[PDB]
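Content type mmCIF, C-alpha atoms, from the file data-v7.cif:
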data_start
loop_
_atom_site.label_atom_id
_atom_site.label_comp_id
_atom_site.auth_asym_id
_atom_site.auth_seq_id
_atom_site.Cartn_x
_atom_site.Cartn_y
_atom_site.Cartn_z
CA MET Y 1 131.93 101.96 168.02
CA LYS Y 2 133.67 105.27 167.80
CA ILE Y 3 137.04 106.72 167.03
CA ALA Y 4 138.73 107.90 170.15
CA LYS Y 5 142.23 108.58 168.98
CA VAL Y 6 143.75 109.43 165.65
CA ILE Y 7 147.24 108.48 164.64
CA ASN Y 8 146.86 109.73 161.08
CA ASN Y 9 144.37 110.04 158.23
CA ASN Y 10 144.39 106.35 157.57
CA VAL Y 11 145.08 104.86 160.94
CA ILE Y 12 142.76 105.54 163.82
CA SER Y 13 142.23 104.40 167.31
CA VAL Y 14 138.89 103.16 168.50
CA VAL Y 15 137.56 102.33 171.93
CA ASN Y 16 135.02 99.58 171.68
CA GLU Y 17 132.09 99.65 174.15
CA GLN Y 18 133.54 96.42 175.47
CA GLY Y 19 136.40 98.61 176.76
CA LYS Y 20 138.91 97.52 174.29
CA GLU Y 21 140.98 99.77 172.17
CA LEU Y 22 141.29 98.87 168.54
CA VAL Y 23 143.56 100.30 165.92
CA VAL Y 24 141.93 100.36 162.57
CA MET Y 25 143.78 100.97 159.39
CA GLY Y 26 141.74 102.16 156.60
CA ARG Y 27 141.96 104.53 153.85
CA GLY Y 28 140.94 107.99 154.86
CA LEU Y 29 139.26 106.94 158.08
CA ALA Y 30 140.08 110.16 159.87
CA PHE Y 31 139.69 112.05 156.67
CA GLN Y 32 136.24 113.69 156.63
CA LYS Y 33 135.39 112.12 159.94
CA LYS Y 34 135.95 113.08 163.53
CA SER Y 35 136.80 111.54 166.85
CA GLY Y 36 133.71 110.40 168.70
CA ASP Y 37 132.18 109.57 165.40
CA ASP Y 38 131.06 106.03 164.74
CA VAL Y 39 133.70 104.02 162.90
CA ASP Y 40 133.03 103.82 159.20
CA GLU Y 41 132.95 100.21 158.16
CA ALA Y 42 133.42 100.82 154.46
CA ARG Y 43 136.91 102.28 154.67
CA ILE Y 44 138.10 99.51 157.01
CA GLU Y 45 140.95 97.67 155.46
CA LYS Y 46 142.62 96.18 158.52
CA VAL Y 47 141.87 96.07 162.23
CA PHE Y 48 144.12 95.55 165.20
CA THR Y 49 142.90 94.63 168.65
CA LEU Y 50 144.57 95.35 171.99
CA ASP Y 51 146.67 92.91 173.93
CA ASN Y 52 147.06 94.29 177.37
CA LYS Y 53 150.47 92.83 178.17
CA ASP Y 54 149.84 93.05 181.89
CA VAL Y 55 146.70 91.01 181.93
CA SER Y 56 147.14 89.11 178.72
CA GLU Y 57 149.97 86.83 179.71
CA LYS Y 58 149.23 83.63 177.95
CA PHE Y 59 146.62 85.27 175.71
CA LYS Y 60 149.56 86.76 173.88
CA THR Y 61 150.87 83.44 172.56
CA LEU Y 62 147.57 82.72 170.80
CA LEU Y 63 147.76 85.81 168.75
CA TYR Y 64 151.46 85.45 168.29
CA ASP Y 65 152.27 81.78 167.89
CA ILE Y 66 149.32 80.42 165.98
CA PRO Y 67 149.93 80.14 162.18
CA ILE Y 68 147.38 82.11 160.13
CA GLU Y 69 146.97 79.09 157.83
CA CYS Y 70 145.84 76.96 160.80
CA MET Y 71 143.61 79.85 161.82
CA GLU Y 72 141.88 79.81 158.44
CA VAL Y 73 141.53 76.08 158.67
CA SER Y 74 139.89 76.18 162.08
CA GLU Y 75 137.62 79.07 161.07
CA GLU Y 76 136.51 77.13 158.03
CA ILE Y 77 136.12 73.89 160.06
CA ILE Y 78 133.81 75.45 162.51
CA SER Y 79 132.16 77.49 159.79
CA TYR Y 80 131.38 74.05 158.32
CA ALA Y 81 130.01 72.98 161.69
CA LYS Y 82 128.06 76.25 161.98
CA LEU Y 83 126.74 75.75 158.46
CA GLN Y 84 125.48 72.30 159.37
CA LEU Y 85 124.01 73.26 162.77
CA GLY Y 86 122.62 76.68 161.90
CA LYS Y 87 123.57 78.06 165.24
CA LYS Y 88 126.23 80.62 165.90
CA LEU Y 89 128.50 78.44 167.88
CA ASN Y 90 130.45 79.41 170.95
CA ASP Y 91 133.70 81.09 170.02
CA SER Y 92 135.56 78.77 172.35
CA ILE Y 93 135.71 75.94 169.77
CA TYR Y 94 137.46 78.03 167.08
CA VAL Y 95 140.44 78.94 169.21
CA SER Y 96 140.58 75.49 170.71
CA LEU Y 97 140.97 73.85 167.32
CA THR Y 98 143.74 76.15 166.22
CA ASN Y 99 145.89 74.99 169.03
CA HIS Y 100 144.43 71.51 169.05
CA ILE Y 101 145.23 70.91 165.37
CA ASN Y 102 148.76 72.22 165.91
CA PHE Y 103 149.10 70.09 169.02
CA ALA Y 104 147.58 67.15 167.14
CA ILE Y 105 150.31 67.52 164.55
CA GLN Y 106 152.88 67.43 167.35
CA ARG Y 107 151.00 64.55 169.01
CA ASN Y 108 151.03 62.72 165.67
CA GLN Y 109 154.79 63.29 165.46
CA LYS Y 110 155.18 61.95 169.00
CA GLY Y 111 153.41 58.77 168.00
CA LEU Y 112 150.87 59.23 170.72
CA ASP Y 113 147.10 59.57 170.68
CA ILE Y 114 144.63 60.62 173.29
CA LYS Y 115 141.68 58.60 174.38
CA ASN Y 116 138.19 59.65 175.24
CA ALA Y 117 137.03 57.47 178.11
CA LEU Y 118 133.49 58.59 177.56
CA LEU Y 119 133.63 57.62 173.87
CA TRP Y 120 131.45 54.55 174.12
CA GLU Y 121 128.67 56.57 175.65
CA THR Y 122 129.36 59.71 173.57
CA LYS Y 123 129.05 57.88 170.23
CA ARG Y 124 125.51 56.83 171.12
CA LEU Y 125 124.34 59.79 173.23
CA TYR Y 126 125.64 62.38 170.83
CA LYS Y 127 125.11 61.02 167.39
CA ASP Y 128 124.57 64.12 165.23
CA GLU Y 129 127.13 66.41 166.72
CA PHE Y 130 129.66 63.60 166.64
CA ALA Y 131 128.75 62.98 163.00
CA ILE Y 132 129.28 66.67 162.22
CA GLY Y 133 132.61 66.33 164.01
CA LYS Y 134 133.35 63.38 161.71
CA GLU Y 135 132.37 65.46 158.65
CA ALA Y 136 134.55 68.24 159.97
CA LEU Y 137 137.32 65.68 160.40
CA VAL Y 138 136.86 64.68 156.74
CA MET Y 139 137.33 68.34 155.86
CA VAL Y 140 140.42 68.43 158.09
CA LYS Y 141 142.02 65.44 156.46
CA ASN Y 142 141.15 66.60 153.00
CA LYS Y 143 142.40 70.14 153.55
CA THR Y 144 145.41 69.42 155.76
CA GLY Y 145 145.80 65.70 155.99
CA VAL Y 146 145.79 65.71 159.77
CA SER Y 147 143.78 62.74 160.89
CA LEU Y 148 142.44 62.55 164.39
CA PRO Y 149 141.01 59.28 165.83
CA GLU Y 150 137.39 58.86 167.02
CA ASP Y 151 138.51 59.62 170.61
CA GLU Y 152 139.76 62.99 169.56
CA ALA Y 153 136.69 63.51 167.38
CA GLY Y 154 134.69 62.75 170.53
CA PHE Y 155 136.46 65.55 172.35
CA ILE Y 156 135.55 67.80 169.44
CA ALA Y 157 131.91 66.67 169.84
CA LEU Y 158 132.10 67.66 173.53
CA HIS Y 159 133.24 71.11 172.50
CA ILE Y 160 130.44 71.17 169.93
CA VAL Y 161 127.81 70.49 172.59
CA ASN Y 162 129.34 73.27 174.70
CA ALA Y 163 129.29 75.39 171.63
CA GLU Y 164 125.64 74.85 170.87
CA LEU Y 165 123.71 77.73 172.38
CA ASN Y 166 120.36 76.05 172.93
CA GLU Y 167 119.17 73.14 170.87
CA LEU Y 168 116.29 74.43 168.86
CA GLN Y 169 115.56 73.05 165.47
CA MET T 1 160.16 89.76 165.84
CA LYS T 2 161.03 92.79 163.89
CA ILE T 3 159.94 96.34 163.58
CA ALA T 4 158.94 96.63 159.97
CA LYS T 5 156.69 99.62 159.98
CA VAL T 6 156.99 102.77 162.04
CA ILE T 7 154.26 105.28 162.42
CA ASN T 8 155.96 107.25 165.19
CA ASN T 9 158.52 106.94 168.00
CA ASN T 10 156.12 105.19 170.33
CA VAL T 11 153.99 103.26 167.90
CA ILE T 12 155.46 100.63 165.65
CA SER T 13 154.32 97.91 163.40
CA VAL T 14 155.68 94.39 163.50
CA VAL T 15 155.31 91.68 160.92
CA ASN T 16 155.33 88.41 162.75
CA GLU T 17 156.37 85.10 161.11
CA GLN T 18 152.84 83.85 161.58
CA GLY T 19 151.69 86.52 159.13
CA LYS T 20 150.52 88.81 161.74
CA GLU T 21 151.00 92.47 161.65
CA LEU T 22 151.16 93.95 165.09
CA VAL T 23 150.89 97.49 166.27
CA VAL T 24 152.87 97.82 169.41
CA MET T 25 152.81 100.95 171.47
CA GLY T 26 155.50 101.80 173.86
CA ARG T 27 157.51 104.75 174.68
CA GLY T 28 160.46 105.00 172.44
CA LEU T 29 159.93 101.75 170.60
CA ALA T 30 161.21 103.28 167.39
CA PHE T 31 163.38 105.72 169.30
CA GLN T 32 167.00 105.07 168.22
CA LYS T 33 166.02 101.74 166.89
CA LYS T 34 165.79 100.60 163.33
CA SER T 35 163.55 98.70 160.97
CA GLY T 36 164.37 95.00 160.97
CA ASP T 37 165.45 95.20 164.56
CA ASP T 38 163.71 93.39 167.39
CA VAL T 39 161.05 95.09 169.45
CA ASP T 40 162.41 96.10 172.86
CA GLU T 41 160.63 93.98 175.45
CA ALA T 42 160.89 96.62 178.18
CA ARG T 43 159.34 99.29 176.00
CA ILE T 44 156.41 97.04 175.19
CA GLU T 45 153.59 98.74 176.95
CA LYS T 46 150.66 97.91 174.74
CA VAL T 47 150.35 95.43 171.94
CA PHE T 48 147.81 95.26 169.18
CA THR T 49 147.43 92.26 166.99
CA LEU T 50 145.84 92.02 163.55
CA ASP T 51 142.17 91.27 163.09
CA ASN T 52 141.02 90.80 159.57
CA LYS T 53 137.45 91.47 158.57
CA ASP T 54 137.60 88.79 155.96
CA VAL T 55 139.60 86.13 157.64
CA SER T 56 138.45 86.53 161.18
CA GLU T 57 134.82 85.70 161.04
CA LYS T 58 134.40 84.21 164.39
CA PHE T 59 137.99 84.97 165.49
CA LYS T 60 136.88 88.56 165.49
CA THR T 61 134.19 88.15 168.14
CA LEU T 62 136.74 86.53 170.48
CA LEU T 63 138.92 89.55 170.77
CA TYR T 64 135.96 91.87 170.73
CA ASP T 65 133.58 90.17 173.19
CA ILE T 66 135.95 89.04 175.90
CA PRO T 67 135.94 91.53 178.86
CA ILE T 68 139.31 92.34 180.48
CA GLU T 69 137.93 91.27 183.88
CA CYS T 70 136.95 87.86 182.57
CA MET T 71 140.34 87.67 180.89
CA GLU T 72 142.03 88.24 184.25
CA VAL T 73 139.77 85.68 185.81
CA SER T 74 140.51 83.10 183.15
CA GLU T 75 144.28 83.76 183.35
CA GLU T 76 143.91 83.23 187.09
CA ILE T 77 141.82 80.07 186.61
CA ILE T 78 144.44 78.55 184.46
CA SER T 79 147.12 79.89 186.75
CA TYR T 80 145.49 77.91 189.55
CA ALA T 81 145.20 74.82 187.37
CA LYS T 82 148.72 75.24 186.06
CA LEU T 83 150.07 75.65 189.57
CA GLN T 84 148.35 72.46 190.68
CA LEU T 85 149.32 70.40 187.62
CA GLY T 86 152.72 71.98 187.14
CA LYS T 87 151.98 71.80 183.47
CA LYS T 88 151.97 74.66 181.08
CA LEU T 89 148.62 73.90 179.57
CA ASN T 90 147.76 74.47 175.95
CA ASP T 91 146.81 78.06 175.07
CA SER T 92 143.31 77.00 174.06
CA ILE T 93 142.12 76.61 177.67
CA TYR T 94 142.79 80.27 178.50
CA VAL T 95 140.71 81.68 175.70
CA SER T 96 138.20 78.89 175.94
CA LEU T 97 137.41 79.69 179.54
CA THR T 98 136.93 83.38 178.87
CA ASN T 99 134.25 82.53 176.42
CA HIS T 100 133.00 79.62 178.45
CA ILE T 101 132.55 81.86 181.48
CA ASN T 102 130.75 84.60 179.51
CA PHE T 103 128.60 82.06 177.74
CA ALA T 104 127.95 80.28 181.04
CA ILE T 105 126.73 83.55 182.49
CA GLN T 106 124.47 84.00 179.48
CA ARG T 107 123.47 80.34 179.73
CA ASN T 108 122.53 80.83 183.38
CA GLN T 109 120.55 83.96 182.54
CA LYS T 110 118.67 82.36 179.67
CA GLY T 111 117.93 79.33 181.74
CA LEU T 112 119.80 76.89 179.62
CA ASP T 113 120.89 73.94 181.63
CA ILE T 114 123.05 71.24 180.25
CA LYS T 115 123.38 68.15 182.31
CA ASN T 116 126.51 66.27 181.56
CA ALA T 117 125.19 62.73 181.07
CA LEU T 118 128.74 61.52 180.85
CA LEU T 119 129.57 62.94 184.26
CA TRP T 120 128.61 59.72 185.96
CA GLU T 121 131.37 57.94 184.04
CA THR T 122 133.61 60.98 184.45
CA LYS T 123 133.48 60.59 188.26
CA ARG T 124 135.87 57.67 188.26
CA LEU T 125 137.55 58.24 184.88
CA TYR T 126 138.43 61.88 185.46
CA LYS T 127 139.25 62.31 189.10
CA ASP T 128 142.01 64.92 189.32
CA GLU T 129 141.25 67.09 186.35
CA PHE T 130 137.64 67.31 187.43
CA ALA T 131 138.58 67.89 191.07
CA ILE T 132 140.93 70.69 190.05
CA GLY T 133 138.18 71.95 187.76
CA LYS T 134 135.88 72.05 190.77
CA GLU T 135 138.53 73.79 192.89
CA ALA T 136 139.01 76.29 190.11
CA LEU T 137 135.24 76.68 189.87
CA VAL T 138 135.14 77.34 193.64
CA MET T 139 137.70 80.03 193.02
CA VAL T 140 135.60 81.48 190.21
CA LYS T 141 132.41 81.47 192.19
CA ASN T 142 134.00 83.04 195.18
CA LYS T 143 135.72 85.73 193.17
CA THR T 144 132.92 86.57 190.76
CA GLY T 145 129.82 84.96 192.18
CA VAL T 146 129.38 83.13 188.88
CA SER T 147 128.59 79.64 189.95
CA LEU T 148 128.35 76.68 187.60
CA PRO T 149 127.04 73.15 188.41
CA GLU T 150 129.11 69.89 188.35
CA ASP T 151 127.81 69.17 184.86
CA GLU T 152 129.14 72.38 183.37
CA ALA T 153 132.27 71.93 185.51
CA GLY T 154 132.65 68.53 183.89
CA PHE T 155 132.57 70.15 180.50
CA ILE T 156 135.27 72.50 181.78
CA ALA T 157 137.24 69.36 182.73
CA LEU T 158 136.83 68.18 179.10
CA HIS T 159 138.35 71.49 178.03
CA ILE T 160 141.13 70.94 180.55
CA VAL T 161 141.99 67.53 179.13
CA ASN T 162 141.99 68.98 175.60
CA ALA T 163 144.41 71.55 176.85
CA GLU T 164 146.31 68.96 178.85
CA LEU T 165 149.65 67.82 177.44
CA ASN T 166 148.90 64.41 178.81
CA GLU T 167 149.99 63.08 182.15
CA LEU T 168 153.59 63.84 181.51
CA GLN T 169 154.69 64.60 184.95
#
Using the file provided, produce a representation of the structure as structure tokens.
Amino acid sequence: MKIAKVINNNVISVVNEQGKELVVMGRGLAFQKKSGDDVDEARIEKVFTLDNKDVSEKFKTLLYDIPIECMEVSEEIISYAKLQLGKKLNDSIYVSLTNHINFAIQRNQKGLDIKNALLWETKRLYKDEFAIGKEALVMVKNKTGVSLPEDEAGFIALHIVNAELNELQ
Amino acid sequence: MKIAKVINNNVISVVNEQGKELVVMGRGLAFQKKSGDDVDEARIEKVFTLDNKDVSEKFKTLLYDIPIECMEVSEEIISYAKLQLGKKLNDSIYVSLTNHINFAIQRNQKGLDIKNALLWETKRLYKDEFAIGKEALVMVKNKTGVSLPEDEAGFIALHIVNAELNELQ
């Protein structure tokens, strides 16, 4: 990607090929470089990505209202899953668990649980991915303490199967 | 949220409680205003949120890969679903469908088919959420041409129920 705009020597503005402007803070990113030049990845300290407030209505509350701690947790949870599967999983699961863990905490406080009505079938039909979900759950309860029931783990397994881009082992 | 850092009159830097530094651009955001003061909502024209090269492993590819068109579509999908349900669904579904749609396109192109073997149970067990999922899918396929089968739609329904705040109506 290339630098399109320059705010200062350290902070530059990039337009990704995916049509998204990024603001990258680095140290001397515009120094000894030019606009239209490919963004140096060594001097990158911090990156900022564009929220287009007109289009990104609800998208805003993800990047605003999700605790960074929960973010790390979810990233590491699915990194665990990705480590076990070997496949670069669909990005959808990562963001779903950040809100889902936070909502699970609230659900736990409410004294309510959700049920997976497909669980009896799911447990048998999807053994490995459910097991990885269980292992992930172990990681969840050991890192945060949040314990989700098998139903909820089943929903995670459903997201895992949607996250698996082609079974090939 | 507060304006903590100021690069110029139109571009400011917020430090959110969720440990997120934000670069918000808007005409006169720092104009007359002060550090520690709240970002003027009417002067918010463009927002940028922090992406960390170390922390955001997968979280990075979300905000990089997602096209603005697909974002609009997904916001509209959930808008349809949210209008039908009258429930402000969990934030996960919005971002999950942007990736799910892009990955579904890729899935369709690669010739990856995933038949939901749970769908046959889902028919009776998940009537409304799946029906609305289908209606939303109709909307997607008419607007974009991107057509998914009942199986994939069923998986979308699983995402919907994970984003559902239960039947609290």
Atom CA of residue 164 of chain T to atom CA of residue 81 of chain Y, straight-line distance in Å
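We find that atom CA of residue 81 of chain Y and atom CA of residue 164 of chain T lie 24.0 Å from each other.
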Exactly which residues make up the result of the PyMOL selection byres ((chain Y and resi 152) around 9) on this file, given as a PDB file with C-alpha atoms, in the coordinates of the input?
ATOM      1  CA  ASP Y 113     147.100  59.570 170.680  1.00  0.00           C
ATOM      2  CA  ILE Y 114     144.630  60.620 173.290  1.00  0.00           C
ATOM      3  CA  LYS Y 115     141.680  58.600 174.380  1.00  0.00           C
ATOM      4  CA  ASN Y 116     138.190  59.650 175.240  1.00  0.00           C
ATOM      5  CA  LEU Y 148     142.440  62.550 164.390  1.00  0.00           C
ATOM      6  CA  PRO Y 149     141.010  59.280 165.830  1.00  0.00           C
ATOM      7  CA  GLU Y 150     137.390  58.860 167.020  1.00  0.00           C
ATOM      8  CA  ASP Y 151     138.510  59.620 170.610  1.00  0.00           C
ATOM      9  CA  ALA Y 153     136.690  63.510 167.380  1.00  0.00           C
ATOM     10  CA  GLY Y 154     134.690  62.750 170.530  1.00  0.00           C
ATOM     11  CA  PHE Y 155     136.460  65.550 172.350  1.00  0.00           C
ATOM     12  CA  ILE Y 156     135.550  67.800 169.440  1.00  0.00           C
ATOM     13  CA  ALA Y 157     131.910  66.670 169.840  1.00  0.00           C
TER      14      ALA Y 157
ATOM     15  CA  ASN T 162     141.990  68.980 175.600  1.00  0.00           C
TER      16      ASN T 162
END
Could you expand the PyMOL selection byres ((chain Y and resi 29) around 12) into the explicit residues it covers here, written as a VMD selection string?
chain Y and resid 2 to 3 5 to 14 23 to 28 30 to 35 37 to 47
Find the residues near residue 98 of chain T: any atom within 9 Å, counting all atoms listed in the file, skip ones fewer than 5 places away on the same chain, and give them as a PDB file with C-alpha atoms, keeping the file's coordinate frame.
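Saved the output as result04.pdb:
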ATOM      1  CA  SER Y  92     135.560  78.770 172.350  1.00  0.00           C
TER       2      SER Y  92
ATOM      3  CA  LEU T  62     136.740  86.530 170.480  1.00  0.00           C
ATOM      4  CA  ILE T  66     135.950  89.040 175.900  1.00  0.00           C
ATOM      5  CA  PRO T  67     135.940  91.530 178.860  1.00  0.00           C
ATOM      6  CA  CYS T  70     136.950  87.860 182.570  1.00  0.00           C
ATOM      7  CA  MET T  71     140.340  87.670 180.890  1.00  0.00           C
ATOM      8  CA  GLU T  72     142.030  88.240 184.250  1.00  0.00           C
ATOM      9  CA  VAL T  73     139.770  85.680 185.810  1.00  0.00           C
ATOM     10  CA  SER T  74     140.510  83.100 183.150  1.00  0.00           C
ATOM     11  CA  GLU T  75     144.280  83.760 183.350  1.00  0.00           C
ATOM     12  CA  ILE T  93     142.120  76.610 177.670  1.00  0.00           C
ATOM     13  CA  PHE T 103     128.600  82.060 177.740  1.00  0.00           C
TER      14      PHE T 103
END
For atom CA of residue 96 of chain T and atom CA of residue 69 of chain T, quote the distance in Å rounded to one decimal.
14.7 Å
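Computed from the coordinates, the atom CA of residue 135 of chain Y to atom CA of residue 95 of chain T distance equals 25.0 Å.
Cα RMSD between chain T and chain Y, computed after least-squares fitting of the latter onto the former across all residues in order: 1.0 Å.
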Specify the axis-aligned box that encloses all atoms of segment 138-151 of chain Y listed in the file after padding of 3 Å on each side, stating its centre and edge lengths in Å to one decimal as AutoDock Vina command-line options.
--center_x 141.3 --center_y 64.5 --center_z 161.8 --size_x 14.9 --size_y 17.3 --size_z 23.6
Between Y:132, Y:163, Y:4, Y:140, which one has atoms that come closest to chain T, using all atoms listed in the file?
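Residue with the minimum atom-to-atom distance to chain T: Y:163.
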Using only C-alpha atoms, which residue out of Y:139, Y:1, Y:101, Y:158 lies closest to chain T?
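Of Y:139, Y:1, Y:101, Y:158, the one nearest chain T is Y:158, counting only C-alpha atoms.
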Enumerate, as a PyMOL selection string, the residues matched when the PyMOL selection byres ((chain Y and resi 78) around 10) is run on the file above.
(chain Y and resi 73-77+79-84+88-91+93-94+97+132-133+136+160) or (chain T and resi 58)
Would you write out those residues with C-alpha atoms, as a PDB file, in the coordinates of the input?
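Wrote part_33.pdb, looks like this:
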ATOM      1  CA  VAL Y  73     141.530  76.080 158.670  1.00  0.00           C
ATOM      2  CA  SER Y  74     139.890  76.180 162.080  1.00  0.00           C
ATOM      3  CA  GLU Y  75     137.620  79.070 161.070  1.00  0.00           C
ATOM      4  CA  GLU Y  76     136.510  77.130 158.030  1.00  0.00           C
ATOM      5  CA  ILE Y  77     136.120  73.890 160.060  1.00  0.00           C
ATOM      6  CA  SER Y  79     132.160  77.490 159.790  1.00  0.00           C
ATOM      7  CA  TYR Y  80     131.380  74.050 158.320  1.00  0.00           C
ATOM      8  CA  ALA Y  81     130.010  72.980 161.690  1.00  0.00           C
ATOM      9  CA  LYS Y  82     128.060  76.250 161.980  1.00  0.00           C
ATOM     10  CA  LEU Y  83     126.740  75.750 158.460  1.00  0.00           C
ATOM     11  CA  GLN Y  84     125.480  72.300 159.370  1.00  0.00           C
ATOM     12  CA  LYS Y  88     126.230  80.620 165.900  1.00  0.00           C
ATOM     13  CA  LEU Y  89     128.500  78.440 167.880  1.00  0.00           C
ATOM     14  CA  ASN Y  90     130.450  79.410 170.950  1.00  0.00           C
ATOM     15  CA  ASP Y  91     133.700  81.090 170.020  1.00  0.00           C
ATOM     16  CA  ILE Y  93     135.710  75.940 169.770  1.00  0.00           C
ATOM     17  CA  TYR Y  94     137.460  78.030 167.080  1.00  0.00           C
ATOM     18  CA  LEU Y  97     140.970  73.850 167.320  1.00  0.00           C
ATOM     19  CA  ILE Y 132     129.280  66.670 162.220  1.00  0.00           C
ATOM     20  CA  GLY Y 133     132.610  66.330 164.010  1.00  0.00           C
ATOM     21  CA  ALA Y 136     134.550  68.240 159.970  1.00  0.00           C
ATOM     22  CA  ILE Y 160     130.440  71.170 169.930  1.00  0.00           C
TER      23      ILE Y 160
ATOM     24  CA  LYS T  58     134.400  84.210 164.390  1.00  0.00           C
TER      25      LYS T  58
END
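For the set Y:20, Y:87, Y:124, Y:143, the residue with the smallest atom-to-atom gap to chain T is Y:20, counting only C-alpha atoms.
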Restricting the calculation to all atoms listed in the file: of Y:161, Y:112, Y:138, Y:55, which residue gets closest to chain T?
Y:55
Looking at Y:107, Y:53, Y:134, Y:127, which one is nearest to chain T, with distances taken over all atoms listed in the file?
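When distances to chain T are compared using all atoms listed in the file, the smallest one comes from Y:53.
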From the list Y:141, Y:100, Y:110, Y:123, which residue is nearest chain T when using all atoms listed in the file?
Y:100
